[PDB]
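Worksheet: one structure, shown below.
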Ligand code: CLA
Ligand code: CLA
Ligand code: CLA
Ligand code: KC2
Ligand code: KC2
Ligand SMILES: CC1=C(C#C/C(C)=C/C=C/C(C)=C/C=C/C=C(C)/C=C/C=C(\C)C#CC2=C(C)C[C@@H](O)CC2(C)C)C(C)(C)C[C@H](O)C1
Ligand SMILES: CC1=CCCC(C)(C)[C@H]1/C=C/C(C)=C/C=C/C(C)=C/C=C/C=C(C)/C=C/C=C(C)/C=C/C1=C(C)CCCC1(C)C
C-alpha cells in the first residue's frame, strides 16, 4: 500500500482478515476472500491439516511408485494403479481402514467445534519428537507442517496434472524435459 | 459528483457517470483500462518490430487480432487468461475491501519495487502522468486495432 | 384421439382432485351439531 | 402404460391440476388452527 | 459386485455421508463465525443516490386497498372497457 | 405529481420511492388493484426463474451432461428429448422448494402474513445484505437483471422456435427469417 | 329488487329513462339521412326492376357465369 495504511502482511493491499489472528500456526494473514468469516477458523484448520497430511504422503508415493513397485504388485504408471487396485479390491481395503480411522476422527472434529481439542491434534506423537523435553520444538514444527502441507498439496496437484499433459512420469520429465506434445512442431497458422 | 480530490480532475463528466457509480470504482477502472492499454499498445508496436525466438514458425505472419485467433489454439492465450484471472481474483478482493471501508486508494496495488514514489510530491506528478498516458493509450490502442481492421496492416507496417 | 384423451384426462383429474381435497377440508365439522 | 399414459403430455394434466387445487386447499389449510385436538374429530373450522 | 457390495455404491455412500455431515460441521463453524465482522459488508460501485435505489431496504407497504378479485376485474376491464372512447364524449326529462 | 419513467402520466399513487426499482412505470395501474408485495414477489420470482433459465439456454448449447438424450443443443428441442420422468422429478423438487421456502403460506392472502418482505426467502449464504445502502443498491440490480432476463428469455425462446437454433449458434450463421 | 354483479355492471345503461334533448334535437339530420335512404332504396329497386341500367351491371341469372 504505497499510500500509508494499516494492512495485511502477505498482501499489502488488503486489511488483516478479521477473526484471523497470529495464533494459528503459519498465519501470514492471507485469506483474501474471507472463508474464515463464513466458517470457523478451527474447523477450516482441521481441513488444511487433513488435506495436507493426506497430500504429503501422496507426493512421496507418486514419486516412490514411479521408481519402485512392491514385487507382488505390477509396476504401472500410478494413475493406472488406482484402476488396477480398484478392480483388485485393494483400494476398497484402503478405503475401509481409512474410513474406520476417519470415524474416530469425525467425533474429534465435533469436540473441536465444541471447544475441547485444538484443531488437528490427535495426540499422535509415538516418537519423542516434540516430547516434553522437546516441547519447545512443537511451535516450530507446527509451522513446518502447515508449510510442508501447503506445498505438498500444490506439488501433487502439479505432478498429476503435468503427468497427464506430458504423458511423461515426473522423474522422467525432470531428466528428459520436453514441451507439451506438438508445440515445437505445430503451427496454429 | 465530481470533486477536486481525485487526481486528473479537469471536471469533464458530460454524461454524468459519476452521479450513478462510485468514483472509487470509476477510477479503479480508468486506471486498470489504462494500465492494460499502455501495455497493449506497447505490445502491438513491439510485436511488429521483434518476435520471441520460436514464435514466427508456430504462428507465422498473423498479427494483431488475427494473431489472437491463432494464439488461442497454441493455448498461449489460455495461460494468459488463467494467470491474469488469478491476479484479478485478488483484484476483486481489493475492490471489495476498498468499497467496504478500507485504506487502499483506487488503483493502488502496492507495486513500487524501485521505491519511485517514496517522495510524496513526486508521486502526485506521476499519478497525473499515469492517467494521461493511459487515457492516450486507450485512444491509441483502439485506433491501432481499427486501423488494422480496415487496412489489414500492423501499425509500424502502416507507418512503413 | 389424443385430444379427446387429454380432454377426458383433464376433466377426470379435475373432478377427482376436487373430490379428494373437498373431503380433506375437515368434512366431519360440516354437521349441524358442530359448535 | 403406468396410468394409461402413452404420451408424456397426458402427465401435464395429472400433475398441474392436482397441484393447483392443492394450492387453493393450502390457503384453507393455512387458515385453520392446526394445534392438536384430543377428540374424535376437529370442530375448529 | 452389485448393490451393497458394489464399490461404486461404497463411493456413493461415502459421498452421501460427507453431504450429511456437511450441515452439522460447517453449520457449527458458521455459527461460531458467521461473517459477523465489522469490516464484512457488501460493496457496490454505484452511487447510493442513483435512480431506482429505494429509500429503505425490504419495503413492505400495507396495501389497504382493493381485493384480488377487483384487480382481476380491472385487468379484464382493460380488454372489455378501455378508456379509449371516453375521450370523445358528446355534450331534460320528458313528463 | 408525474411519473419519472412516463413524464406525461401521473405518478401511480401507490408507487412511492420506498419499493426498489421504482421509476413510476405502472401506466396501466396494476399497482392500484393488487398488493405490491404480491406483485414484487412475482417480478422477482419470474426474473430469478429466468436468470437461471437464460443462463440455462446458453450453457446447454455449449456443454451437455453425459447421460443419453441430454445431447440436444437447442433448449426448446431438448425439452422433448430428455426423459419425461426427470422433468417431473425437477418439477416436484422445485415444488417442495416452494412450500418449504414460503413455509406453506403459498397464497396471495397468506404468503406475506408473517413478515417475509417480498423475495426474502432467506437465501443470503454469504451475508451481503448487512449494509443497508448496499442492500438498497443490490436490490435495484436484481430487478434490473430480472427485467432484462424476462425480455431475453422470451426473445431466445421465440427466436429458437423460428430458427431451430440455440442463441449463440443462430447469431453465428444468422440467416434471414425467409430462409428458415 | 335483487342486486347482482351483472345488474350493477349494466345499470348505467338503463339509468336515463325519459331523458330527452330540447326541442327538435337532431331532427333535420334524421330527415336528411332518411331522404338519402329513400333515394338509395329507389335506386336499388329500379335496378332489380330493370327500370334503371347501371353500366357494368346485368340483373340476370346469366351474369353468374
Ligand atoms: C490388520 C488388518 C488387516 C487385514 C487382516 C487385511 C486383510 C487384507 N488386505 Mg489389507 N490393509 C490393512 C489392514 C488389513 N488388511 C490396512 C490398515 C491397510 C491400509 C489402509 C491395508 C491396505 C491394503 C491394500 C492396499 C490391499 C490390502 C489387501 C488385503 C487382502 C488380501 C490379503 C493378502 O494380500 O494376502 C495375504 C497377505 C499376505 C500374503 C501378506 C503377508 C501378511 C503376513 C503374513 C501377516 C502379518 C500379520 C497381518 C498383517 C495381520 C496384522 C494384524 C495382527 C498383527 C493382529 C486381505 C483381505 C489387498 C486386496 O484388496 O486384495 C487384492 C490389497 O491390495 N490391504
Ligand atoms: C473507460 C475509461 C475511463 C473511465 C472509467 C473514466 C472515469 C473517470 N474519468 Mg476519465 N477519461 C477517459 C477514460 C475514462 N475515464 C479518457 C479516454 C479521457 C480522455 C478523453 C478521459 C478524460 C478525463 C478528464 C479530463 C476527467 C476525467 C474524469 C473522470 C471521472 C469522472 C468522469 C465520469 O463520471 O465519467 C466516467 C467515465 C465513463 C463512464 C466513461 C464513458 C465512456 C463511454 C461514453 C461509455 C459508453 C458505454 C460503453 C461503451 C459500454 C461498454 C462497457 C463494457 C465494455 C463493460 C471518472 C473517475 C474527471 C475527473 O478526474 O474527476 C475526478 C476529469 O476531470 N476523465
Ligand atoms: C408443486 C409445485 C408448485 C407449487 C405448489 C408452487 C407454489 C407457488 N408458486 Mg410456483 N412454480 C413452480 C412450482 C410450484 N409452485 C415451478 C416448478 C415453477 C417454475 C420454475 C414455478 C414458478 C412460479 C412463478 C413464476 C410464480 C410462482 C408462484 C407461486 C406461489 C403462488 C401460487 C399461485 O397462486 O399460483 C396459482 C396459479 C396461477 C395464478 C396461474 C399462473 C398465472 C398465469 C401463468 C399468468 C399468465 C400471464 C399472461 C401470460 C400475460 C398476459 C399477456 C398479455 C398479452 C395479455 C405459490 C407459493 C407465484 C408467486 O409467488 O406469486 C407471488 C409466481 O409469481 N411459481
Ligand atoms: C434437482 C432435482 C432432482 C432431485 C432433488 C432428485 C433426487 C433424486 C433422489 C432423491 C434423493 C433419487 C433416489 C433420484 C434417483 C434418480 N434420478 Mg433424480 N433427482 C433430481 C433431478 C433429476 C433429473 C433431472 C433426472 C433424474 C434421474 C434419476 C434416475 C434415473 C432413472 C433411470 O435410471 O433411468 C434415478 C434413479 C433421471 C431420470 O429419472 O431419467 C429417467 C433424470 O433425467 N433426477 N433422484
Ligand atoms: C522466454 C523467451 C521466449 C518466449 C516468450 C517464447 C514464446 C514462444 C511462443 C509464444 C507464443 C511460441 C509458440 C514459441 C514457439 C517455439 N519456441 Mg519460443 N519463446 C521464447 C524463447 C525461446 C528459446 C530460447 C527457444 C525457443 C524455441 C521454440 C521452438 C522450437 C522448435 C521450432 O523451432 O520449431 C518453438 C516452436 C527453441 C528453438 O528451437 O528456437 C528456434 C529455443 O531454443 N523459444 N515460443
Ligand atoms: C504461499 C506460501 C508458500 C509458498 C509457495 C509456492 C512455492 C507456490 C507455488 C505456486 C504455483 C507454482 C502455482 C502454480 C500454478 C500453475 C497453474 C495454476 C497452471 C495452470 C495451467 C493452466 C490453467 C493451463 C493450461 C493449458 C494451456 C496453457 C493450453 C492447453 O493447450 C493445455 C493446458 C491445459 C496445459 C509456502 C508454503 C512456502 C509457505 C507459506 O506458508 C505461504
Ligand atoms: C419455448 C417452449 C419450448 C421449450 C420448453 C417449453 C416449456 C415447451 C417452452 C418454454 C417456454 C417459455 C419460457 C416461453 C415464454 C417466454 C419468454 C420468457 C417471454 C418473453 C417475452 C418478452 C416480451 C415480448 C417483451 C417485450 C419487452 C418490452 C417491449 C420492453 C419494453 C420496455 C418498457 C415497456 C418501457 C421502457 C423500455 C422498453 C424497451 C420500451
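Each value in this text was obtained by applying a stated rule to the coordinates, not by laboratory testing. As a convention, Cβ positions derive from the backbone with ideal geometry for all residues, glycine included, and neighbour counts pool all protein chains shown.
Couple of notes before you dig in:
- When you count the other C-beta atoms within 10 angstrom of each residue and take the mean per peptide, G:42-49, G:54-61, E:50-57 line up highest first as E:50-57, G:42-49, G:54-61.
- Peptides A:68-76, E:80-88, B:71-79 ranked from most to least packed give B:71-79, A:68-76, E:80-88, packing being the mean of other C-beta atoms within 10 angstrom over each peptide's residues.
- Taking a ≥ b ≥ c as the square roots of the eigenvalues of the alpha carbon gyration tensor, region G:1-50 is oblate, as a/c is not under 1.5 and a/b does not beat b/c.
- Expressed as a fraction of 2.2 N^0.38 Å, the value expected for a compact globular protein of N residues, the C-alpha radius of gyration of the protein assembly as shown is 1.37.
- Quarter of the Cα convex hull surface for chain F, i.e. its orientation-mean projected area (nm²): 14.3 nm²
- Chain E: translational diffusion in µm²/s, Stokes-Einstein, Kirkwood Rh over Cα pairs, 4 °C, 1.567 mPa s: 57 µm²/s
- Spatial separation of Cα centroids for region A:87-112 and region E:1-24, in angstrom: 12 Å
- Alpha-carbon centroid distance for the pair region F:102-180 / region F:70-98, whole angstrom: 19 Å
- Helix G:27-48 and the long axis of chain G differ in direction by around 30°, with both axes built from C-alpha atoms.
- Cα convex hull of region B:14-63, projected area averaged across orientations, nm²: 5.4 nm²
- Mean shadow area of chain D, taken as a quarter of the surface of its Cα convex hull (nm²): 5.0 nm²
- Between the helical axis of A:90-113 and the longest alpha-carbon principal axis of chain A there is an angle of about 10 degrees.
- Across chain A, the mean sequence separation of Cα contacts (distance under 8 Å, 6 or more residues apart), normalised by length, yields a relative contact order of 25 percent.
- Taking every Cα-Cα distance in region F:67-160 and sorting them into 10 Å bins from zero, the calculated P(r) comes out as 12, 25, 36, 23, 4 percent.
- Alpha-carbon Debye profile of region F:27-69, log10 I(q)/I(0) at 0.17, 0.29, 0.33 Å⁻¹: -0.62, -0.96, -1.03
- For the residues of D:35-43, the average number of beta carbons from a partner chain within 10 Å of their own beta carbon is 2.
- Inter-centroid distance (Cα atoms) of region A:23-78 relative to region B:45-110, Å: 31 Å
- Take each residue in E:21-31, count the other chain C-beta atoms within 10 Å of its C-beta, and the mean is 5.
- Helix F:84-102 axis, angle to chain F major axis (alpha carbon atoms, nearest 10°): 10 degrees
- Peptide packing: for B:87-98, F:62-73, A:162-173, the average count of neighbouring Cβ atoms within 10 Å per residue gives the ranking B:87-98, A:162-173, F:62-73, highest mean first.
- Most mobile listed residue (F:145, F:158, F:46) in chain F, GNM with C-alpha springs under 10 Å: F:158
- Taking every C-alpha pair closer than 8 Å and separated by at least 6 residues, the mean separation divided by the residue count of chain F gives a relative contact order of 26 percent.
- Here, P(r) means the percent of Cα pairs in each 5 Å bin from 0 to the largest distance; for chain B it is 2, 7, 12, 16, 18, 15, 12, 10, 6, 2, 0.
- Three-way shape label, region A:106-165, alpha-carbon gyration tensor, a/c 1.5: oblate
- Cα gyration tensor shape of region A:51-189, rounded if a/c is under 1.5, else prolate or oblate by comparing a/b with b/c: prolate
- With N the number of residues in region B:79-140, Rg(Cα) / (2.2 N^0.38 Å) evaluates to 1.34.
- For region A:34-120, relative contact order (Cα pairs under 8 Å, six or more residues apart, normalised by length) works out to 43 percent.
- Number of partner chain Cβ atoms within 10 Å, mean per residue of F:34-41: 5
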